[PDB]
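I have placed the structure first, in the form of structure tokens, so that the comments after it can refer back to it.
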Protein chains: 2
Amino acid sequence: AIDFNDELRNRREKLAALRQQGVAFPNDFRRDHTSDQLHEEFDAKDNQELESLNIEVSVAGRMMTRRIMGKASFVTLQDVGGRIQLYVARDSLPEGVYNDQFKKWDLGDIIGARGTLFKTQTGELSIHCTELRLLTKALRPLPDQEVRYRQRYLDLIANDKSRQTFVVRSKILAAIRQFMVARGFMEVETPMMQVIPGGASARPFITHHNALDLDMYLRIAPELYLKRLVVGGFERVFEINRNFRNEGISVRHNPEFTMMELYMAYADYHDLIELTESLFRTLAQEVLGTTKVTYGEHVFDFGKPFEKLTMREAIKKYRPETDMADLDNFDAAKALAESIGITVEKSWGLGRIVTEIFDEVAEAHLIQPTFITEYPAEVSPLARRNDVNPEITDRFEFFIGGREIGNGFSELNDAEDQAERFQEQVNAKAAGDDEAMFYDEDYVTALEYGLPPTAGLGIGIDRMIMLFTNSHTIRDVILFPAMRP
Amino acid sequence: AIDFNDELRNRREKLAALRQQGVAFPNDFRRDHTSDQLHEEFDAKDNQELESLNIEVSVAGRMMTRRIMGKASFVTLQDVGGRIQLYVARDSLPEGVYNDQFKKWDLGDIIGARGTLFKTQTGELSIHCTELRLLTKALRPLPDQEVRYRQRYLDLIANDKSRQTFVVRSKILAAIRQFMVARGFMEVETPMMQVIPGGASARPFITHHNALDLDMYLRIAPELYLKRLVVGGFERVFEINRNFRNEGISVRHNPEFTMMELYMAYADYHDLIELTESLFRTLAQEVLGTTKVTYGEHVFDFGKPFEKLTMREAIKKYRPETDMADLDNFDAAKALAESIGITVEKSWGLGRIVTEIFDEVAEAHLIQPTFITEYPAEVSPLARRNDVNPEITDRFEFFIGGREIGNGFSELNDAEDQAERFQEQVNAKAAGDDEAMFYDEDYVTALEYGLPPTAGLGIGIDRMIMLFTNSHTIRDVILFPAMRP
Ligand SMILES: NCCCC[C@H](N)C(=O)OP(=O)(O)OC[C@H]1O[C@@H](n2cnc3c(N)ncnc32)[C@H](O)[C@@H]1O
Ligand SMILES: NCCCC[C@H](N)C(=O)OP(=O)(O)OC[C@H]1O[C@@H](n2cnc3c(N)ncnc32)[C@H](O)[C@@H]1O
Ligand SMILES: [Mg+2]
Ligand SMILES: [Mg+2]
Ligand SMILES: [Mg+2]
Ligand SMILES: [Mg+2]
């Protein structure tokens, strides 16, 4: 109870003393190795080899553990690469350092050491220090379960599993880029501030540009800009960045999240299906070392094709007692939708009701990688219309672990059609749909100049990261998740 | 005048006819080569070689030019890789395609072709088409000078110099990542929505999260979060992404811009100076093929060290008649500052006035790569204090072409100091400074756990891109610059 305040007081007092000696917070010590480097290169060498090699190195990091055994101590130093042992002895360090300094430091203190590599009796790689310094005094001792999110640095200091998750996140993003670039895609940066937000259906965040006394929105999706670039000739473009949606936080939703949108001209959604499957197989193989990924109580084989069902097949499969004819009648569908708990809004049409039914009925059940095709036109204002059935579009979404991971389709490059669909979206917003799209005249204009047949795909990067790190909340894969005040 | 409307009407009529024949906008044609690929691989081969090689390829792109010479025509097809010639002959294509289709198409129309490679009499690489299709009908004919920005797709279709600039932008970003990763830096993604914006001095954009009924700000800088990660153990982190500042548009300012922030523990600003110099030399060499870069009427030698001056030396050098003692007296400095047109705000202190003087006096003159050191503490709330002179911090900024390209310093890891500086910033905001920082208690807390000595650097990526593409307005290096309504 009070022992914590004694720790705080003790640290402030030790700092006070440092301040009296000179500059309390230096910036002079330089290391030449991180723990991981030392282990990779020297773990396989026995004390004999290391003795003759007589290799001196310099490291720096947090003092995680310290066992003072008189004239000698053993310390665990933790740096960006992991942990390495330090052998701190009174007679190995400059006169007085051991007793007048080292013993006065505290766990959590950032220290720097220079010494010779050797292996302990236990066979561990250790550094027999010849120099040791206190670089940063930690004023607080080393660390609900929401603390991990409110103070992610504490979580990173304490849990190696958490660190590994974020390190893997970086590996995945770098691997996606390498994968995309390998396919001739060029990464671009489109606006995140837009006067007319679009490219998706979501409530946007609105802000105001004082200089132009202009109200603007954080983008909910870069889609409309990326397709403008395809019209401009950048036929293989992709963007991996934030998108913002003024919607509530959840185990799969963060107000700001990372999405990858990619567009390749002269391709349709089938090409995107192949790309998605190869992307996941590549990432699993590349990042995890295997195509079979364990997630919760499941195992996803990214080495086998994703399952593929039309939206209706998924509805029928997960609610077998459904009279499929009900999805063809607005009243029947509205009734069905309502019977299962969906509040049917005045603005919704049959296509929207059917999609909502699909959401309620099947989504949570798509545990194994699944592609859901034949999305109704009503809910796909930017998707190419299907040649045989105008009421649906050449669009799909894919799910893994019961969550939507991506959304892709053959793009709508029919300007007149696009204009009309934007009008419907405007009507819908007038009819109450707060997520309906804004009319984007310049976008239509761009299509009038000619957009090559194209296939676009958006993938929720955070959700994707969850599947590769066995995380069951988006909060575990975003360094600083949105937290409630 | 009316000729444009005749073009529009003609295109709509041709489309109408396509609609009558079936699906006007297909998505079926697939290419296997882009123009650049064909040129790289076959430009060096004469018609003899190509004849015997009898290589068939498929391309797709915009019909830029068409010369109908009776039973044969010559077309310039432009795709993501550039341009390639098409030899379109009546008897080389399926019956009727040439006359009933090809001749009816219009420049700007997206077409696809499949044919054998050969070289024209002029020695140009061309494709003797055997199949040719209209993929997308262009309803508008091929394209103030602000149009390039309002309809960047038109600019990209029309000007290859503009395309090359953006292609180079992508190359530069990819090269920065490769450079950073080569140095063990890990790329992270920190929030772009923050309840307490910080890390810089700027008027932020504010928005509202309905779900949490919480007012939030678009980040002006990720600095405070990146340093939290360093405390957490990610000792070499960097982020390259948007930052938003509610400030006016300029030839060097966009409300949203790309900045790279990097932090490496156990390093000081001198280490950042080396990193910056190597980064520019590497990028020039790597991306431009030479370390000497032509920019406007100048040539920057990124193969030679940047010039380095303290802020005062730059002031003295560019306003030689300045009595340097004036910078040591608030009243004298205020007078000096005002005498040169700077409106000195009530909140400003000596350090701020001196910095403003430097800005007015020297900034525009730093044409050749220059590092400006010794920034006053008052204007550097997050920078490590200098050991000898507490009134200045171990901070620098670097300029090229008379514009600030980067800002870096040894980081302030003295929690108590940081808290006090935040208080001063709060006082300043209370005294009228609309750009002063907010107090960030959690940030201070993070520092209390111990931030290793660190050196951080922020570089304006867009401004950097300008120097490598001879662009003289930021508007030329951002695909969709903020435009006035
Ligand atoms: N032209 C083809 C379509 C391209 C993508 C489309 N413009 C688009 O925006 O498509 P959406 O489906 O809107 O979103 C894409 C994916 O983003 C994830 N996602 C969406 N909201 C999210 C949130 N709040 N938190 C975390 N992740 C979230 C999902 O994986 C989604 O599939
Ligand atoms: N701890 C070390 C400091 C790290 C960087 C610091 N947090 C930072 O934010 O530092 P600033 O200096 O605020 O901005 C960095 C660079 O951004 C560019 N810039 C700033 N505003 C811009 C605008 N409106 N348009 C385009 N570019 C702009 C500049 O190159 C600047 O140097
Ligand atoms: Mg959603
Ligand atoms: Mg969706
Ligand atoms: Mg500025
Ligand atoms: Mg600055």
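Labels for the structure tokens follow display order: chains A, B, ..., residues from 1 in each chain, ligands from 1.
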
Next on the checklist: Which of segment 199-315 of chain A end up as strand (DSSP E or B) when DSSP is run on this backbone - answer as a ChimeraX atom specification?
Outcome noted: /A:206-209,214-218,236-244,256-265,292-295,298-301,307-310

Output N, CA and C atoms for every residue in that selection, as a CSV table (one decimal), in the first residue's frame.
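Once everything was written out, this is out-v8.csv:
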```
chain,number,residue,atom,x,y,z
A,206,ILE,N,-16.4,15.2,-38.7
A,206,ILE,CA,-16.4,16.5,-39.4
A,206,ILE,C,-15.6,17.4,-38.6
A,207,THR,N,-14.9,18.3,-39.4
A,207,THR,CA,-14.0,19.3,-38.8
A,207,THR,C,-14.1,20.6,-39.6
A,208,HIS,N,-13.4,21.6,-39.2
A,208,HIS,CA,-13.5,22.9,-39.8
A,208,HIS,C,-12.1,23.5,-40.1
A,209,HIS,N,-11.9,23.9,-41.4
A,209,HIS,CA,-10.6,24.5,-41.8
A,209,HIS,C,-10.9,26.0,-41.7
A,214,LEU,N,-13.9,26.5,-44.1
A,214,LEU,CA,-14.5,25.4,-44.8
A,214,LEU,C,-14.7,24.1,-43.9
A,215,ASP,N,-15.9,23.6,-43.9
A,215,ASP,CA,-16.2,22.4,-43.2
A,215,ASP,C,-15.7,21.2,-44.0
A,216,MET,N,-15.0,20.3,-43.3
A,216,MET,CA,-14.4,19.2,-44.0
A,216,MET,C,-14.6,17.9,-43.2
A,217,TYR,N,-14.4,16.8,-43.8
A,217,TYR,CA,-14.5,15.5,-43.2
A,217,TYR,C,-13.3,14.7,-43.3
A,218,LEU,N,-13.1,13.8,-42.2
A,218,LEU,CA,-12.0,12.9,-42.2
A,218,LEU,C,-12.5,11.9,-43.2
A,236,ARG,N,-2.2,0.6,-61.4
A,236,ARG,CA,-2.0,-0.4,-60.3
A,236,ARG,C,-1.6,0.4,-59.1
A,237,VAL,N,-2.6,0.9,-58.3
A,237,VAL,CA,-2.3,1.7,-57.1
A,237,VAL,C,-2.8,1.1,-55.9
A,238,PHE,N,-2.2,1.4,-54.8
A,238,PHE,CA,-2.7,1.0,-53.5
A,238,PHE,C,-2.3,2.0,-52.4
A,239,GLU,N,-3.0,2.0,-51.4
A,239,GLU,CA,-2.8,2.9,-50.3
A,239,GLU,C,-3.1,2.2,-49.0
A,240,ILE,N,-2.2,2.2,-48.0
A,240,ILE,CA,-2.4,1.6,-46.8
A,240,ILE,C,-2.3,2.7,-45.7
A,241,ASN,N,-3.4,3.1,-45.2
A,241,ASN,CA,-3.4,4.2,-44.2
A,241,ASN,C,-4.7,4.2,-43.4
A,242,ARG,N,-4.8,5.2,-42.5
A,242,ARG,CA,-6.0,5.4,-41.7
A,242,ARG,C,-7.2,5.8,-42.5
A,243,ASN,N,-8.3,5.5,-41.9
A,243,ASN,CA,-9.6,5.9,-42.4
A,243,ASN,C,-10.3,6.1,-41.1
A,244,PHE,N,-11.3,7.0,-41.1
A,244,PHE,CA,-12.0,7.4,-39.8
A,244,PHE,C,-13.5,7.3,-40.0
A,256,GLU,N,-10.6,5.1,-35.8
A,256,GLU,CA,-9.6,5.3,-36.8
A,256,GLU,C,-8.9,3.9,-37.0
A,257,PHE,N,-8.8,3.4,-38.2
A,257,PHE,CA,-8.2,2.1,-38.5
A,257,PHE,C,-7.4,2.1,-39.8
A,258,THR,N,-6.6,1.1,-39.9
A,258,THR,CA,-5.8,1.1,-41.1
A,258,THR,C,-6.4,0.1,-42.2
A,259,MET,N,-6.6,0.6,-43.4
A,259,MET,CA,-7.1,-0.1,-44.4
A,259,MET,C,-6.2,-0.1,-45.6
A,260,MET,N,-6.2,-1.2,-46.4
A,260,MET,CA,-5.4,-1.1,-47.6
A,260,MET,C,-6.4,-1.1,-48.7
A,261,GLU,N,-6.3,-0.2,-49.7
A,261,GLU,CA,-7.2,-0.2,-50.8
A,261,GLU,C,-6.2,-0.4,-52.0
A,262,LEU,N,-6.6,-1.2,-52.9
A,262,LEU,CA,-5.8,-1.5,-54.1
A,262,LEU,C,-6.7,-1.5,-55.3
A,263,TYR,N,-6.1,-1.1,-56.4
A,263,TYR,CA,-6.9,-1.1,-57.6
A,263,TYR,C,-6.0,-1.5,-58.8
A,264,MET,N,-6.5,-2.4,-59.6
A,264,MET,CA,-5.7,-2.9,-60.8
A,264,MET,C,-6.7,-2.9,-61.9
A,265,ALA,N,-6.3,-2.1,-63.0
A,265,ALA,CA,-7.1,-2.0,-64.1
A,265,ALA,C,-7.0,-3.2,-65.0
A,292,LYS,N,-0.8,-22.8,-42.1
A,292,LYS,CA,-1.8,-23.2,-41.2
A,292,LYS,C,-1.7,-22.3,-39.9
A,293,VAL,N,-2.7,-21.4,-39.7
A,293,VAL,CA,-2.6,-20.5,-38.7
A,293,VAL,C,-3.6,-20.8,-37.5
A,294,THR,N,-3.1,-20.8,-36.3
A,294,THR,CA,-4.0,-21.1,-35.2
A,294,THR,C,-4.6,-19.8,-34.7
A,295,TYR,N,-5.9,-19.8,-34.6
A,295,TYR,CA,-6.6,-18.6,-34.1
A,295,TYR,C,-7.7,-19.1,-33.2
A,298,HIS,N,-9.5,-22.4,-33.4
A,298,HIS,CA,-9.5,-22.8,-34.8
A,298,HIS,C,-8.1,-22.7,-35.5
A,299,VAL,N,-8.1,-23.4,-36.7
A,299,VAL,CA,-6.9,-23.4,-37.5
A,299,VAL,C,-7.3,-23.0,-38.9
A,300,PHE,N,-6.7,-22.0,-39.4
A,300,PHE,CA,-7.1,-21.5,-40.7
A,300,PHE,C,-6.0,-22.0,-41.7
A,301,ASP,N,-6.4,-22.7,-42.7
A,301,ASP,CA,-5.4,-23.2,-43.7
A,301,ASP,C,-5.3,-22.2,-44.8
A,307,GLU,N,-13.4,-20.6,-48.7
A,307,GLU,CA,-14.7,-21.1,-49.1
A,307,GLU,C,-15.4,-20.0,-49.8
A,308,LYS,N,-16.3,-20.3,-50.7
A,308,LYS,CA,-17.0,-19.3,-51.5
A,308,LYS,C,-18.5,-19.5,-51.5
A,309,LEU,N,-19.3,-18.6,-51.1
A,309,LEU,CA,-20.8,-18.7,-51.1
A,309,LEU,C,-21.4,-17.4,-51.6
A,310,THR,N,-22.5,-17.4,-52.2
A,310,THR,CA,-23.2,-16.2,-52.6
A,310,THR,C,-23.8,-15.8,-51.2
```

Within 12 Å of residue 442 of chain A, counting only C-alpha atoms, which residues qualify if same-chain residues fewer than 6 places away don't, as an mmCIF file with C-alpha atoms, in the first residue's frame?
```cif
data_model
loop_
_atom_site.group_PDB
_atom_site.id
_atom_site.type_symbol
_atom_site.label_atom_id
_atom_site.label_comp_id
_atom_site.auth_asym_id
_atom_site.auth_seq_id
_atom_site.Cartn_x
_atom_site.Cartn_y
_atom_site.Cartn_z
ATOM 1 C CA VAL A 195 -14.991 18.187 -48.521
ATOM 2 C CA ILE A 196 -17.188 15.369 -49.839
ATOM 3 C CA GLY A 198 -17.168 8.922 -49.931
ATOM 4 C CA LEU A 224 -12.939 7.674 -54.966
ATOM 5 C CA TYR A 225 -9.490 9.263 -55.123
ATOM 6 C CA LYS A 227 -10.016 5.453 -58.867
ATOM 7 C CA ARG A 228 -9.328 9.003 -60.069
ATOM 8 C CA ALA A 415 -20.441 7.310 -65.322
ATOM 9 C CA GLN A 418 -22.643 6.040 -61.082
ATOM 10 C CA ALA A 419 -24.427 9.389 -61.188
ATOM 11 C CA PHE A 422 -25.257 8.674 -56.200
ATOM 12 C CA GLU A 448 -16.683 10.543 -67.894
ATOM 13 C CA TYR A 449 -13.062 10.862 -68.994
ATOM 14 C CA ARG B 150 -8.666 20.284 -59.241
ATOM 15 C CA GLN B 151 -8.561 17.433 -61.737
ATOM 16 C CA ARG B 152 -5.229 15.754 -61.178
ATOM 17 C CA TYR B 153 -6.334 12.831 -63.360
ATOM 18 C CA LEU B 154 -6.399 15.146 -66.351
#
```

Counting only C-alpha atoms and all ligand atoms, which protein, DNA or RNA residues come within 9 Å of ligand 6, given as a short mmCIF file (atom, residue, chain, number, x, y, z; two decimals) with N, CA, C and O atoms, in the first residue's frame?
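Final output, saved to part.cif:
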```cif
data_model
loop_
_atom_site.label_atom_id
_atom_site.label_comp_id
_atom_site.auth_asym_id
_atom_site.auth_seq_id
_atom_site.Cartn_x
_atom_site.Cartn_y
_atom_site.Cartn_z
N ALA B 200 4.02 19.28 -31.38
CA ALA B 200 4.36 20.40 -32.23
C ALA B 200 3.59 21.61 -31.77
O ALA B 200 2.83 21.55 -30.80
N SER B 201 3.79 22.73 -32.46
CA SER B 201 3.09 23.96 -32.13
C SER B 201 2.31 24.37 -33.37
O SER B 201 2.87 24.91 -34.31
N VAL B 379 10.98 27.81 -27.39
CA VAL B 379 10.32 27.28 -28.58
C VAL B 379 10.57 25.79 -28.79
O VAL B 379 10.21 25.22 -29.82
N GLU B 397 17.28 22.40 -37.00
CA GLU B 397 16.30 22.27 -38.07
C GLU B 397 17.19 22.36 -39.28
O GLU B 397 18.31 22.87 -39.20
N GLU B 404 12.16 25.08 -44.59
CA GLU B 404 12.44 24.17 -43.49
C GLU B 404 12.06 22.76 -43.97
O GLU B 404 10.92 22.54 -44.35
N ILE B 405 13.01 21.83 -43.95
CA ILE B 405 12.72 20.47 -44.39
C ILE B 405 12.60 19.52 -43.20
O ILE B 405 11.87 18.54 -43.26
N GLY B 406 13.33 19.80 -42.13
CA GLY B 406 13.28 18.93 -40.98
C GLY B 406 13.54 19.62 -39.66
O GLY B 406 14.06 20.73 -39.60
N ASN B 407 13.20 18.92 -38.58
CA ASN B 407 13.34 19.42 -37.22
C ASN B 407 13.72 18.23 -36.35
O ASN B 407 13.03 17.21 -36.34
#
```

Next on the checklist: Could you list, as a PyMOL selection string, all protein and nucleic acid residues with an atom at most 12 Å from ligand 4, counting only C-alpha atoms and all ligand atoms?
Outcome noted: chain A and resi 199-202+220-221+352+355-356+358-359+363+372+375+379-380+395-399+403-409+435+457-460

Write to file, as a PDB file, in the first residue's frame, the residues of the selection just made, with C-alpha atoms.
```pdb
ATOM      1  CA  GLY A 199     -15.945   5.496 -50.951  1.00  0.00           C
ATOM      2  CA  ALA A 200     -17.896   3.792 -48.177  1.00  0.00           C
ATOM      3  CA  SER A 201     -21.022   4.011 -46.066  1.00  0.00           C
ATOM      4  CA  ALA A 202     -20.236   5.391 -42.630  1.00  0.00           C
ATOM      5  CA  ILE A 220     -14.043   7.184 -44.418  1.00  0.00           C
ATOM      6  CA  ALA A 221     -12.292   5.663 -47.467  1.00  0.00           C
ATOM      7  CA  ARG A 352     -30.381  -3.574 -48.139  1.00  0.00           C
ATOM      8  CA  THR A 355     -27.759  -7.761 -46.828  1.00  0.00           C
ATOM      9  CA  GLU A 356     -28.775  -6.980 -43.238  1.00  0.00           C
ATOM     10  CA  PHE A 358     -27.105 -11.925 -44.227  1.00  0.00           C
ATOM     11  CA  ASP A 359     -25.239  -9.918 -41.616  1.00  0.00           C
ATOM     12  CA  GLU A 363     -21.549 -13.328 -40.754  1.00  0.00           C
ATOM     13  CA  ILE A 372     -19.339 -13.972 -49.945  1.00  0.00           C
ATOM     14  CA  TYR A 375     -23.927  -8.169 -53.071  1.00  0.00           C
ATOM     15  CA  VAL A 379     -25.643  -1.548 -50.932  1.00  0.00           C
ATOM     16  CA  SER A 380     -22.930  -1.338 -53.598  1.00  0.00           C
ATOM     17  CA  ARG A 395     -18.784  -7.609 -55.494  1.00  0.00           C
ATOM     18  CA  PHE A 396     -17.690  -9.801 -52.610  1.00  0.00           C
ATOM     19  CA  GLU A 397     -16.490  -9.526 -49.045  1.00  0.00           C
ATOM     20  CA  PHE A 398     -14.400 -12.052 -47.232  1.00  0.00           C
ATOM     21  CA  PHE A 399     -14.635 -13.224 -43.652  1.00  0.00           C
ATOM     22  CA  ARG A 403     -15.412 -10.971 -38.955  1.00  0.00           C
ATOM     23  CA  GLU A 404     -15.405  -9.036 -42.225  1.00  0.00           C
ATOM     24  CA  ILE A 405     -11.763  -8.706 -43.299  1.00  0.00           C
ATOM     25  CA  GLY A 406     -12.152  -7.307 -46.792  1.00  0.00           C
ATOM     26  CA  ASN A 407     -14.476  -5.861 -49.414  1.00  0.00           C
ATOM     27  CA  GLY A 408     -13.816  -5.910 -53.138  1.00  0.00           C
ATOM     28  CA  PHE A 409     -15.476  -5.650 -56.522  1.00  0.00           C
ATOM     29  CA  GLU A 435     -24.452   6.599 -43.815  1.00  0.00           C
ATOM     30  CA  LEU A 457     -10.223  -4.238 -52.919  1.00  0.00           C
ATOM     31  CA  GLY A 458     -10.153  -2.914 -49.379  1.00  0.00           C
ATOM     32  CA  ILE A 459      -8.777  -4.962 -46.503  1.00  0.00           C
ATOM     33  CA  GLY A 460      -8.997  -4.054 -42.813  1.00  0.00           C
TER      34      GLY A 460
END
```

Next on the checklist: Among segment 268-391 of chain A, which residues does DSSP mark as alpha helix (DSSP H) when it is run on the backbone? Keep the chain and numbering as in the structure and answer as a PyMOL selection string.
Outcome noted: chain A and resi 269-283+311-318+330-339+350-361

Restrict the selected residues to N, CA and C atoms and save them as a tab-separated table (two decimals), in the first residue's frame.
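The new file result_25.tsv reads:
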```tsv
chain	number	residue	atom	x	y	z
A	269	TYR	N	-13.37	-8.83	-60.07
A	269	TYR	CA	-13.29	-9.36	-58.71
A	269	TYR	C	-12.65	-10.75	-58.58
A	270	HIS	N	-12.74	-11.59	-59.60
A	270	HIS	CA	-12.13	-12.91	-59.52
A	270	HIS	C	-10.63	-12.76	-59.35
A	271	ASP	N	-10.05	-11.77	-60.02
A	271	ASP	CA	-8.62	-11.50	-59.93
A	271	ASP	C	-8.28	-11.08	-58.50
A	272	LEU	N	-9.21	-10.39	-57.85
A	272	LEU	CA	-9.02	-9.94	-56.48
A	272	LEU	C	-9.08	-11.12	-55.51
A	273	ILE	N	-9.93	-12.09	-55.83
A	273	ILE	CA	-10.07	-13.30	-55.02
A	273	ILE	C	-8.73	-14.03	-55.03
A	274	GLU	N	-8.13	-14.18	-56.21
A	274	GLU	CA	-6.83	-14.83	-56.30
A	274	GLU	C	-5.80	-14.03	-55.52
A	275	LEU	N	-5.82	-12.71	-55.68
A	275	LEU	CA	-4.86	-11.85	-55.00
A	275	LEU	C	-4.99	-11.98	-53.48
A	276	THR	N	-6.23	-11.98	-53.00
A	276	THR	CA	-6.47	-12.11	-51.57
A	276	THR	C	-5.93	-13.44	-51.05
A	277	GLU	N	-6.28	-14.53	-51.72
A	277	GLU	CA	-5.80	-15.85	-51.31
A	277	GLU	C	-4.28	-15.92	-51.33
A	278	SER	N	-3.64	-15.37	-52.36
A	278	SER	CA	-2.18	-15.38	-52.41
A	278	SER	C	-1.60	-14.49	-51.34
A	279	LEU	N	-2.26	-13.37	-51.07
A	279	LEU	CA	-1.76	-12.47	-50.05
A	279	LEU	C	-1.72	-13.17	-48.69
A	280	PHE	N	-2.80	-13.84	-48.32
A	280	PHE	CA	-2.86	-14.53	-47.04
A	280	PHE	C	-1.89	-15.71	-46.95
A	281	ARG	N	-1.79	-16.48	-48.03
A	281	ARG	CA	-0.88	-17.62	-48.04
A	281	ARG	C	0.55	-17.10	-47.90
A	282	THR	N	0.87	-16.06	-48.66
A	282	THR	CA	2.20	-15.46	-48.62
A	282	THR	C	2.53	-14.93	-47.23
A	283	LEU	N	1.63	-14.15	-46.66
A	283	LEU	CA	1.86	-13.59	-45.33
A	283	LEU	C	2.01	-14.67	-44.25
A	311	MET	N	-24.27	-14.54	-51.17
A	311	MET	CA	-24.88	-14.05	-49.95
A	311	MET	C	-26.10	-14.90	-49.57
A	312	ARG	N	-26.89	-15.28	-50.56
A	312	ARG	CA	-28.08	-16.08	-50.30
A	312	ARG	C	-27.76	-17.48	-49.82
A	313	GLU	N	-26.70	-18.08	-50.36
A	313	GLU	CA	-26.33	-19.41	-49.93
A	313	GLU	C	-25.95	-19.38	-48.46
A	314	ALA	N	-25.24	-18.32	-48.04
A	314	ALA	CA	-24.82	-18.18	-46.66
A	314	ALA	C	-26.04	-18.02	-45.74
A	315	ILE	N	-27.04	-17.27	-46.20
A	315	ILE	CA	-28.26	-17.05	-45.42
A	315	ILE	C	-28.98	-18.40	-45.26
A	316	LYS	N	-29.14	-19.12	-46.37
A	316	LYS	CA	-29.82	-20.41	-46.38
A	316	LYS	C	-29.07	-21.44	-45.56
A	317	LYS	N	-27.75	-21.40	-45.64
A	317	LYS	CA	-26.92	-22.34	-44.91
A	317	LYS	C	-26.97	-22.13	-43.41
A	318	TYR	N	-27.06	-20.88	-42.97
A	318	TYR	CA	-27.07	-20.60	-41.54
A	318	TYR	C	-28.43	-20.38	-40.88
A	330	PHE	N	-40.16	-7.55	-50.89
A	330	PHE	CA	-39.86	-6.53	-49.89
A	330	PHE	C	-40.58	-6.75	-48.57
A	331	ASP	N	-41.90	-6.94	-48.62
A	331	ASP	CA	-42.67	-7.15	-47.40
A	331	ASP	C	-42.26	-8.41	-46.66
A	332	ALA	N	-42.02	-9.48	-47.41
A	332	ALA	CA	-41.61	-10.74	-46.81
A	332	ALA	C	-40.24	-10.58	-46.19
A	333	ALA	N	-39.35	-9.90	-46.90
A	333	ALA	CA	-37.98	-9.71	-46.41
A	333	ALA	C	-37.96	-8.80	-45.19
A	334	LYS	N	-38.79	-7.77	-45.21
A	334	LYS	CA	-38.86	-6.84	-44.09
A	334	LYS	C	-39.34	-7.62	-42.86
A	335	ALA	N	-40.36	-8.44	-43.07
A	335	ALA	CA	-40.91	-9.26	-42.00
A	335	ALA	C	-39.84	-10.21	-41.46
A	336	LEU	N	-39.20	-10.93	-42.37
A	336	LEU	CA	-38.13	-11.87	-42.02
A	336	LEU	C	-37.03	-11.14	-41.23
A	337	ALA	N	-36.56	-10.03	-41.80
A	337	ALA	CA	-35.51	-9.24	-41.17
A	337	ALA	C	-35.93	-8.86	-39.76
A	338	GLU	N	-37.15	-8.35	-39.63
A	338	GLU	CA	-37.63	-7.94	-38.33
A	338	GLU	C	-37.80	-9.10	-37.37
A	339	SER	N	-38.27	-10.24	-37.89
A	339	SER	CA	-38.47	-11.42	-37.06
A	339	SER	C	-37.17	-11.86	-36.41
A	350	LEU	N	-35.21	-3.63	-50.65
A	350	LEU	CA	-35.01	-5.07	-50.56
A	350	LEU	C	-33.54	-5.48	-50.46
A	351	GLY	N	-32.71	-4.98	-51.37
A	351	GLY	CA	-31.30	-5.33	-51.37
A	351	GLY	C	-30.61	-5.06	-50.05
A	352	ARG	N	-30.97	-3.95	-49.41
A	352	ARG	CA	-30.38	-3.57	-48.14
A	352	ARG	C	-30.87	-4.52	-47.04
A	353	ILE	N	-32.16	-4.85	-47.08
A	353	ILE	CA	-32.75	-5.74	-46.09
A	353	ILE	C	-32.09	-7.12	-46.18
A	354	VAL	N	-31.91	-7.61	-47.40
A	354	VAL	CA	-31.29	-8.91	-47.60
A	354	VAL	C	-29.86	-8.93	-47.07
A	355	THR	N	-29.13	-7.84	-47.30
A	355	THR	CA	-27.76	-7.76	-46.83
A	355	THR	C	-27.74	-7.78	-45.30
A	356	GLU	N	-28.68	-7.05	-44.69
A	356	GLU	CA	-28.78	-6.98	-43.24
A	356	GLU	C	-29.12	-8.36	-42.68
A	357	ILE	N	-30.00	-9.07	-43.39
A	357	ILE	CA	-30.37	-10.41	-42.98
A	357	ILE	C	-29.10	-11.26	-43.01
A	358	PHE	N	-28.35	-11.17	-44.10
A	358	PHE	CA	-27.11	-11.92	-44.23
A	358	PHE	C	-26.19	-11.62	-43.05
A	359	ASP	N	-26.09	-10.35	-42.72
A	359	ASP	CA	-25.24	-9.92	-41.62
A	359	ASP	C	-25.64	-10.57	-40.31
A	360	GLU	N	-26.93	-10.49	-40.00
A	360	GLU	CA	-27.46	-11.06	-38.78
A	360	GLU	C	-27.32	-12.58	-38.74
A	361	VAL	N	-27.72	-13.21	-39.84
A	361	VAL	CA	-27.72	-14.65	-39.95
A	361	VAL	C	-26.40	-15.40	-40.12
```

Checklist entry - If you count only C-alpha atoms, which residues fall within 10 Å of segment 1-14 of chain A, apart from same-chain ones fewer than 5 positions away, as a ChimeraX atom specification? => result /A:19,104-106,109,137-141 /B:416,448

Next on the checklist: Report as a PyMOL selection string all protein, DNA and RNA residues lying within 12 Å of residue 167 of chain A, evaluated on only C-alpha atoms, omitting residues in the same chain fewer than 2 positions from it.
Outcome noted: (chain A and resi 80-82+156+160-165+169-174+287+465+468-469+477-479) or (chain B and resi 185-189+229+233-234+236-237)
